[PDB]
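Following: one structure in structure tokens, then a few remarks.
Proteins come first, then strands; the chains are lettered A, B, ... in the order of their sequence lines, and each starts at number 1. Counting starts at 1 for both ligands and their atoms, following the listed order.
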2 protein chains.
Amino acid sequence: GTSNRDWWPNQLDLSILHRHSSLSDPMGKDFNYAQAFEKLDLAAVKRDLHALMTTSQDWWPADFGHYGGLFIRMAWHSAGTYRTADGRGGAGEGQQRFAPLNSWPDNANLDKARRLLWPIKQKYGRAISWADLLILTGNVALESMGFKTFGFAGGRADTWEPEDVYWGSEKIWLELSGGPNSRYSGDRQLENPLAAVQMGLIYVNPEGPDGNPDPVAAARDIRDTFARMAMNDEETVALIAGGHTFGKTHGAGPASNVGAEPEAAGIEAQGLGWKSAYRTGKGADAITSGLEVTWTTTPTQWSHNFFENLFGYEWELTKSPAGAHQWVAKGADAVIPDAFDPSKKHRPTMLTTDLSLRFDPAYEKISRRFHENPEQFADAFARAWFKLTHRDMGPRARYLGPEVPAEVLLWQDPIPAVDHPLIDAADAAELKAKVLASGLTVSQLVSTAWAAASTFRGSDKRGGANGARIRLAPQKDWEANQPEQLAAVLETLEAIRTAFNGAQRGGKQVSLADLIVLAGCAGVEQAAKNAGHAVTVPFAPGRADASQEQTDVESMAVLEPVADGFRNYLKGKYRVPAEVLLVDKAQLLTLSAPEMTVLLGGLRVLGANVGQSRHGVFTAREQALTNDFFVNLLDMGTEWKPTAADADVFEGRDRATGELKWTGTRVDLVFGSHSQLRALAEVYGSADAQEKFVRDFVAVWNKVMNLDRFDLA
Amino acid sequence: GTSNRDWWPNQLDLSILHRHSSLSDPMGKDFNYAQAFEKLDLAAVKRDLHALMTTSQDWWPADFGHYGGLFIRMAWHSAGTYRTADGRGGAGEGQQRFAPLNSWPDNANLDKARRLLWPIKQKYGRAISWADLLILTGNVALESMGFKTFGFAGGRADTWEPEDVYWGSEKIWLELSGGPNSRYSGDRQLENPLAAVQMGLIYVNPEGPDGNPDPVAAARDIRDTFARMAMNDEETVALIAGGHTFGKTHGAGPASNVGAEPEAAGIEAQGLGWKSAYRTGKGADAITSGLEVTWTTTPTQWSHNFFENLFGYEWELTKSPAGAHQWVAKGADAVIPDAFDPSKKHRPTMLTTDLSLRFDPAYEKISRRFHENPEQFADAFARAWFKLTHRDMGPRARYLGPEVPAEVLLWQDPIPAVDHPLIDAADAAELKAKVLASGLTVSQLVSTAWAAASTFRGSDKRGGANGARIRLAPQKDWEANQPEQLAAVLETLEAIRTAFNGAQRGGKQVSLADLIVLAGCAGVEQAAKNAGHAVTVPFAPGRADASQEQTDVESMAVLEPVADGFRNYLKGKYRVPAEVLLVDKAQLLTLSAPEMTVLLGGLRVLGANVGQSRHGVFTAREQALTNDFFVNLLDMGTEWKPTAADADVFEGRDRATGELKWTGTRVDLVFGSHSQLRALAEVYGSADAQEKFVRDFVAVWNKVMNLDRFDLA
Ligand code: HEM
Ligand code: HEM
Ligand SMILES: Nc1ncnc2c1ncn2[C@@H]1O[C@H](COP(=O)(O)O)[C@@H](O)[C@H]1O
Ligand SMILES: NNC(=O)c1ccncc1
Ligand SMILES: [Cl-]
Ligand SMILES: [Cl-]
Ligand code: NA
Ligand code: NA
């Protein structure tokens, strides 16, 4: 059956904004996962998971009699898809159980791991999500094997269909670099937003870069991909050495024995995949990666043996029984136990990527310090495992249950507790009147509040106006935020705040974070008034102001908007067309297509464009909230053409006279071109739609202002 | 960006069940189109459209100074996608404005027609849908040119995204038959459910079959395609001769002048397409189909000149300026006016497909009668145009506004008016107890009510339990409906009804249509009771009983279910896997994936399978409403394999002992295989889900029972 995607393979895809509707969701529209989880007996679930660790099933027998290593890898993989570039991937939505991640080659046989968990999932039902269960099971695996975790938070609601994520353009699984859809260019630069070296891998290739077994070169890839998953050198060495303290790899025979991945298998496989014709197909005969490495002398117990082996032998290149490159300890005794046969032992072995930890010079120093000071290794690994597995969960307000660590960590972008009375409605009116009397313009108020609130992304729940981080480095210096204008607005707001706060009794004060948002609301009210409409814009107080020391400047850099269609901003020229980047941003903002449409049309006429550009400002009453953008965009009296200077800018001329009326970008004009977007524009550009436009705009404005307000959830 | 569809191109596509969410809809959740339309001043809209017919725009100048022919073609195309096989296509959702239909080659330059209508759409806003406006504009075109229409009904609500429709497998627009994706096999058999001869055409090729200009052969294709659009010979001739009484074709120069269709054009084209480099690109230079035919001497007025010309001249094969085959009248005077130059005239011309009306022997008789009796022609055309343009609107209860014809037409599957008091809640309880006391079983009651209600399809809103047509030909003899069992159930219900009705005062009585549904509800209540649960199943009375004489038997044939996954029924072996046919059915029933899932699992254990098959009956308490289907399906203690006898049937055996536990079909097992479906099955198979399963089952059961109840909208 030929589809629209076949006929117009580069048209824009709006379905990404309309996933996750109530239609695909089996839970009622009233289901609240946080409330269900709060009633879960978490201790009881952890007792069942402890029991599961050594209850081997015949259909996938446990190595060493203990599933701990398998489950740690399962949890690591659930979390390990994460990219800091867009916040997409991670454990937070339980996406490992859906295509494509359920069938990635690096997730081979994790289908068996997930299936082992079905009895517990069934027992507890909706009170524990798959997403939480995958992570909890990793924690319990670690605890069972002697390792004390830093903590655990529930609250990851399950999702019910695959996310739309750009995982790369390759059409072959695991394609090596340099092909027609290469993710690499230049001096082995990985394209943003990607965070893995090959399609279907988590981070790097365990044999080495593109299969070449050079541990020094592999270190380069490790460092780059882990950085792109928010991990520095110390965390990276702690995580790899930590994880590879446990368990083993599986490569007992040639890879050609392994059949179809889950999404390709027959219906009788009942959701499992990679069935193997090699001997029994499982247990001692298991094939997963094709490598055959067991790192420690006690694979089911926490030890300091990883670094003892790493530094204690010299390593020789060799091949697994599937033909894969791996390393064996020169002249070692057979000290490693076998997984099934008590009468066999093996020499210590390593992956190329394990040797990276010793032969990259910066890693080597960390690895040595961890070898000499295992307490530091244990602490770093615990902190890094917590980070890895919670990275995409958002503000601390979302953390549920009795095991949440009390220590606040820098990576969480923390927000101080509010310890004073909040402003009430009378105080809000007083502050909005002051803001309006100060001489700040609609355009300045709207642009500042948009700049503050629209850093939010729902993918990892980072960003938003809470914290007033727009006043700190680096947000205050981002080109999209118009630094000089921003500084003048913030200075006027700060004086207003200082004056209000100094006049108070009883400890009441207003944060700058709240006042920025409140001032934006006043701007929207004033604009509606300018258009002859009487509008109150909703406002919820309670934001607090974070300090510069609570704001990691490097980590913040990935939230910089290099494309923001809502302010008609593009930081440079990109391979991806700007309207694709607009839809991408709308998706991160959690907007539907109707919301994106109304929001953008309104921002254009309120003066939210960067640099005061006239592009898309299709009104003669700027700073008045009207549907002018739509009515003028859809006017057939105007003809549009790309400019001579720039193919991405368009001139709109009176069809009869030739006179120039407007200019716009691809982002402006896509609303009059794409057939679904134009149908939306039509609704708002109709003669009966003025009040609907205003009201819809206020609702989406308020939605954006509140995106990070999990303290009110 | 590689997607799941690229990696697993034959996985099942569930997104088709999740279109039309509230996310994609710009109207609020409470918007009621029927209410808006009822207040539209329809006379005022029609006066604006009348004025439009002769107000030429220079960007697409009106042929002969009148847009009427163009708009008639627009409306005919809007309706002309319709297929009787599945009810899909037609004018009822305004789908012509979305991909792919907006860009079909047969719809070239209808983009210009739709754009002409924007000022009127904008004026009246939400009170008239595009869907309604396309049709209304065709009616007004006809009226403006002297033709009396049979009537008009509003009520087609707009849609906001493309429908997922199988339009064929070809990857090339207009591909000739016999290719690798040929829609033809055998002796020029068109594959179901298709109703056009080539990808991107409405019905047939105007040059003739695969371009061969033989009017006799073309008549074969016309007859076949029009039948597949619910039109018989009389209707077909009336429609083609009717339409081709007006306007002209456009083929003023070579087709290679014509650029990209709308979905492929640049953003500056603002949703228009087919931009032509030939001379001025429009008006006298227009190119659309590539043919250049003007049929009558007054292209802007109703006449009987099409048949006068058809029969009055002999015809010669010729070529348009774009190279297309067409026909010219041998030795005629130049009597046909030019579209732009009052000093030029032309000889009468025809399409190969127009000549079909004269040279096919059965058409020729009808055409002769219409020629001799143009009043008969006018009446047939008006009836056929009404039918064409309303065929997918559903029951008469959906027809809005002041121009609805009072005459009830056989094709409407009409339902008589109810002229008596309805049963109340206490009466419903009394009848449910009587049904249960008669000894009809849960399985008989459920099966019968499902058979009656599940003929509904949302694509053309035909079918459903209203009318009690399950008791008439042909429904009562469909194999899926189990004719002998059905007859025994209907007999018992009829006696119950006759007794209840004869005991009444005051004219109160119950229809057999209501009682079939009510009896099904009793069946579901009893089943819930068998499981130890007390529920009340909702029931709305007001169905009426249609007669055999009000039931066109041939038209009803397309509603026969040849695949019904919900009763594990397949009438023969098909190309398409049964699980794809299940999803197809659920989409016709308007079900989401969660609704399909709950509904099927519940029907399995209530005994709704055809022939009492045990396939998928994963319970030891048949006729009790439990979630046993899911708990047993997901039990990893059971292993499944295809049978030796049949690859489409599977045995489930105890994994440890090999003991046979169950059998199932692909439809049963897909819920344990497909990763999104199995995630739904898990919800219902969890230990906390019994109450939820019952509640959700009852809700979806009730939804199905009410699908055709537009009398209560
Ligand atoms: C450079 C990064 C890494 C690479 C290239 C890598 C590679 C691998 C490979 C190839 C396997 C064997 C899969 C199989 O054949 O069954 C494996 C196993 C494992 N890895 Fe990693 N790994 C990496 C980082 C991590 C991290 C961050 C963790 C956890 C904190 C981890 C924990 C594990 C565990 C527990 C196993 C054993 C699985 C079992 O016992 O079944 N690894 N790793
Ligand atoms: C075998 C069936 C049919 C064939 C092959 C067919 C073919 C065509 C073609 C090729 C054109 C010219 C497109 C162009 O170059 O602009 C056309 C025009 C037209 N057709 Fe049809 N037609 C059929 C049936 C119908 C029916 C059922 C109607 C309406 C009741 C209709 C009404 C018209 C009208 C009004 C025009 C003129 C458009 C204008 O003035 O711009 N046709 N037809
Ligand atoms: N552009 C490249 N392509 C492939 N391998 C590279 C590239 N650049 C560096 N390497 C490998 O990474 C190692 C570490 O180099 P560097 O990361 O430049 O200090 C080198 O010695 C190479 O083996
Ligand atoms: N692909 N996933 C996201 O982009 C996302 C997920 C949840 N809320 C917002 C965005
Ligand atoms: Cl994601
Ligand atoms: Cl459709
Ligand atoms: Na994420
Ligand atoms: Na339809």
Quick one: closest heavy-atom pair of A:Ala91 and A:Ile135, and the distance?
CB-CD1, 3.7 Å
Rounded to the nearest 0.5 Å, how far apart are [atom1] of [X] and [atom2] of [Y]?
X	Y	atom1	atom2	value
B:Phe71	B:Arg114	CZ	CZ	11.0 Å
B:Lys275	B:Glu261	NZ	CD	15.0 Å
B:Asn309	B:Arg358	CG	CZ	11.0 Å

The protein N, O or S atoms lying under 2.8 Å from atom 21 (Fe) of ligand 2 are B:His244 NE2
Take every heavy atom of B:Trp295, measure it against each atom of ligand 2, and state whether any distance is under 4.0 Å.
yes
Between [X] and [Y], is there a side-chain N and carboxylate O pair less than 4.0 Å apart?
X	Y	result
B:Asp233	B:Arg223	yes
A:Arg19	A:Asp164	yes
B:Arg188	B:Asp221	yes
B:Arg462	B:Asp413	yes
A:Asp86	A:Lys585	no
B:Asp111	B:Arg115	no
B:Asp584	B:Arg88	yes

For ligand 2, which atoms, with element, lie under 4.0 Å from some heavy atom of [X]?
X	answer
B:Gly69	35 (C), 37 (C), 38 (C), 39 (C), 40 (O)
B:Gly247	40 (O)
B:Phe381	30 (C)
B:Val204	1 (C), 5 (C)
B:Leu70	39 (C), 40 (O), 41 (O)
B:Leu239	26 (C), 27 (C), 28 (C), 29 (C), 30 (C)
B:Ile72	35 (C)
B:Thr353	5 (C)

Salt bridge (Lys or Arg N to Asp or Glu O under 4.0 Å) assessment of B:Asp379 paired with B:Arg383:
CA-CA 6 Å; B:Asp379 187 63; B:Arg383 287 176 182 271; 3.1 Å; yes
Just do the salt bridge (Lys or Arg N to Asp or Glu O under 4.0 Å) check on B:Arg156 and B:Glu93 with the steps written out, would you?
CA-CA 6 Å; B:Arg156 307 164 186 80; B:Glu93 303 177 17; over 6 Å; no
Going by the 4.0 angstrom heavy-atom rule, the piece of B:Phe71 near ligand 2 is neither
Is it the side chain, the backbone, both or neither of B:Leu351 that has a heavy atom closer than 4.0 Å to ligand 2?
side chain
Give me the nearest non-hydrogen protein atom to [atom] as residue plus atom name, then the distance to 0.1 Å.
atom	answer
atom 41 (O) of ligand 2	B:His250 CE1, 3.2 Å
atom 39 (C) of ligand 2	B:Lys248 O, 3.1 Å
atom 15 (O) of ligand 2	B:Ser289 OG, 2.6 Å

Is B:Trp385 close to ligand 2, meaning an N/O of one under 3.5 Å from an N/O of the other?
no
Does a donor on one side chain and an acceptor on the other come within less than 3.5 Å for [X] and [Y]?
X	Y	value
B:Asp354	B:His244	yes
B:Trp385	B:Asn139	yes
B:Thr159	B:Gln95	yes

Within a distance under 3.0 Å of the Na ion (ligand 8), the protein atoms of type N, O or S are B:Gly87 O, B:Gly89 O, B:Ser459 O
Taking the six-membered ring for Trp and the single ring otherwise, decide whether the centroids of B:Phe147 and B:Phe381 are under 6.0 Å apart.
yes
